Amino acid sequence: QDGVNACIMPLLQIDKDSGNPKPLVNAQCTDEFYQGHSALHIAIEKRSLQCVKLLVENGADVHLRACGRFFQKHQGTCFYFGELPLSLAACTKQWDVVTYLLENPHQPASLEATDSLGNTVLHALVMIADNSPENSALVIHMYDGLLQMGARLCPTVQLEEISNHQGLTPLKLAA
Amino acid sequence: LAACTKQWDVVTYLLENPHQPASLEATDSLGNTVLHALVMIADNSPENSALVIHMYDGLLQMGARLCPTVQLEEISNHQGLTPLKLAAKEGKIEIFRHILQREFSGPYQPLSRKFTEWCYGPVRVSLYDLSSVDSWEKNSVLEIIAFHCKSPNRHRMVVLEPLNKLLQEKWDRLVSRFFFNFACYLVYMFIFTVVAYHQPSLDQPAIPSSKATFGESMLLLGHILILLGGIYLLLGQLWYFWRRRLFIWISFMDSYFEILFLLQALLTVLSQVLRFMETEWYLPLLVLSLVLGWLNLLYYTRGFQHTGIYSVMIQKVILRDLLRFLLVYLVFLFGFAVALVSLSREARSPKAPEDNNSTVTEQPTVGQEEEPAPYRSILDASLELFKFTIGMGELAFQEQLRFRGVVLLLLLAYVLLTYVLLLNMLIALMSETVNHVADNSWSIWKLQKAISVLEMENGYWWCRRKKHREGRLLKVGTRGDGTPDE
Amino acid sequence: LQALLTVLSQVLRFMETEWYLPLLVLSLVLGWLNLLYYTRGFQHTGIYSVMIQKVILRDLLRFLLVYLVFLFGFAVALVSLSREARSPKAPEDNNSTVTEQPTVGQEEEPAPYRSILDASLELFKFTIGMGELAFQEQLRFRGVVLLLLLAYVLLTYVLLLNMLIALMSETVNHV
């Protein structure tokens, strides 16, 4: 509905007299399919900007795992998403909300962070990337900007040094 | 014809007339409505295709605006064919592709056929309808591509997404149980060959028991099982014949294994007849039934992946080059065969003024059981030279005694131009078929998979099925946002 | 399998019976067979060795399911026709206790024929094109078997022999 979520405020303040305000904004979905799922995830999925800005200014967390049965692979309909709004935010090229989900009035996004299977933004971007050269070029240049502001706003952390739960670097997993 | 000539000024005008709006649902002389006129006039020219699609779509747009509330595609012709059935009947994958590709972004939704629910940017989910497979009150869709088959192309139309994906998932969900059919048939043919192998060598047929034991009683069980399944093969082909009405009227041998099955079944019921007459000649007929069933094992290769692709490959090149190499083989080798029967063998009198053919096919109403083409006392030497003719035995002479040096260089001429110089020809141009049929063999592969599957459930005595809306996952990457207004 | 057959060779040689030798010839053909693993080294022959590794690794079982099955079927067709004393079977030991060697393997007279055991290993040795044209007490009423062998030799011997060579040449067109 034109990207403008207006109800950031009223259940946050009903959830302030009853006291669940970041719990209003960060209610991870307890569905099996939509699991671990916050509204910031939707705000990225709807590709809009009010939703991210007054969802984050509604207090939305950034490092939060969305270990959804909708959101991981089977070789069937459900495929891996990023499972955390920064991860899928990069996996959807959305530098406005990668940039925003860093630049938040509450939270810089942890670049070195991991996800549900251990599948970090390295494994999310790589694992979502296939031989589509549009997909390849976006998952390379978008990842490179994530290493550029990823080496500017939060430098001094070697992200590729991290291996997964299987002990694989993004060089090892991409390879 | 106004739509068939793109003339939207006079389609528009011939609607908007001060006297008469044009009836959209109307039919024509053969029953061939604007559906059948536009489709039937449309050929694979992409200018013709694009005009007969977009012009037809505008006819559905003002065709859905000035006169809405009439479902034109619902109409079938005099033959009972919808425009989906007719466009999917004259082999136009482009138009049928438009029909299931159809998607109207205007009020309101269910004109479309490719719906996208639980869809997503990376993750598209293209929902379909499978009215192609729900068309049971008329024929199914592969039925009407197959009838009439291949006005330009019959094998092409399966590769489109409901037909191909549906033909995949129905096999991998139901009809991968075809191994039970091949299992029962394989055990059947094993029973045939072990009864044939372990038969008694006694001259009198219908022996009571070789021995009252596990052996001969087991052989009686194999006999009763083997004709007890043969009657089921006869029941299957009679359902195929009364129900399917293939083969074609005056046409070629197509399809091959059907009439090969009819000749095996004919020869084995004649085997049953003369076995009921209790003479010894039931057995060569049994070996013929053996070689046609063990021959017919390759029909059961339609199942699984690299071997089904391989099975359609050998189905293609073998189905083409069967008679093509036979007209080389039988004719060159019959000619030069007769040339070798004249040279050389003494006692050259099977003919003329006697019974020349020794009453060829001497068996009344059983077939070619005689001494047909009786030779010049070289009958055994002539079946034997025909057995030399695939390269076995060598180099005899006789009372010619090497004055037939002309026959020597003569055989150097036939063996020259035929044995090497023509042997490389048909292999090479069937390799040109390989240069052309290889991608087409994929269309033949998905088709023959869909005939094993679709004919399998269509025959199965008396079957179940499952009919629910298709949906196809797509993981492709491209931009494009928006919504169908929720 | 070479190592297994040669340590069984060592076992039965330690039992000191004569049958150590056919196992030795099998070890020979699997090692001299295994010489082509040592072709991985140098340039035109290593390129060549990977070529034969590719087309041989693909078309091994693919030609075997044609070969063993067509030739087993028509083989049994020739064992039934023709040889007298057709009793290895049924109600006796049909298989003559096939693989009669306990824990050594297929050492027996397996698939005992219709007194054509030597004529059946011998027709299997004819089956790669050696010997010819015998008859027996059928005595040319098996003209049906004549044209029948013209049918199998027709569709299989020439008409199918060109198939797999051609589509492995399609593999050559791709690999």
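The count begins at 1 with the first shown residue.
Cβ atoms are placed via backbone N, Cα and C, with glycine included.
What Swiss-Prot records for C:5-18 is topological domain 'Extracellular', and it gives sequence analysis as the kind of evidence. In the topological domain 'Extracellular' (C:5-18), helix, strand and coil residues by DSSP number 11 helix, 0 strand, 3 coil.
Residues annotated as transmembrane segment in Swiss-Prot, with sequence analysis given as evidence: C:19-39 (among others).
Look at Swiss-Prot and you will find C:61-81 (among others) tagged as transmembrane segment, backed by sequence analysis.
As annotated by Swiss-Prot, compositional bias 'Polar residues' applies to C:93-104. Beyond its flanks by at least six residues, the compositional bias 'Polar residues' (C:93-104) meets 8, 11-12, 19, 110-112 of its own chain at Cβ-Cβ distances under 8 Å.
Residues or ranges marked as intramembrane segment by Swiss-Prot on the basis of sequence analysis: C:96-132.
The annotation transmembrane segment is assigned in Swiss-Prot to C:145-165 (among others).
Assigned with DSSP, the residues of the compositional bias 'Polar residues' (C:93-104) fall into helix, strand and coil as follows: 0 helix, 1 strand, 11 coil.
Non-local neighbours of the topological domain 'Extracellular' (C:5-18) in the same chain are 24, 26-27, 30, 104-105; each lies 6+ residues outside the stretch with a CB under 8 Å from one of its CB atoms.
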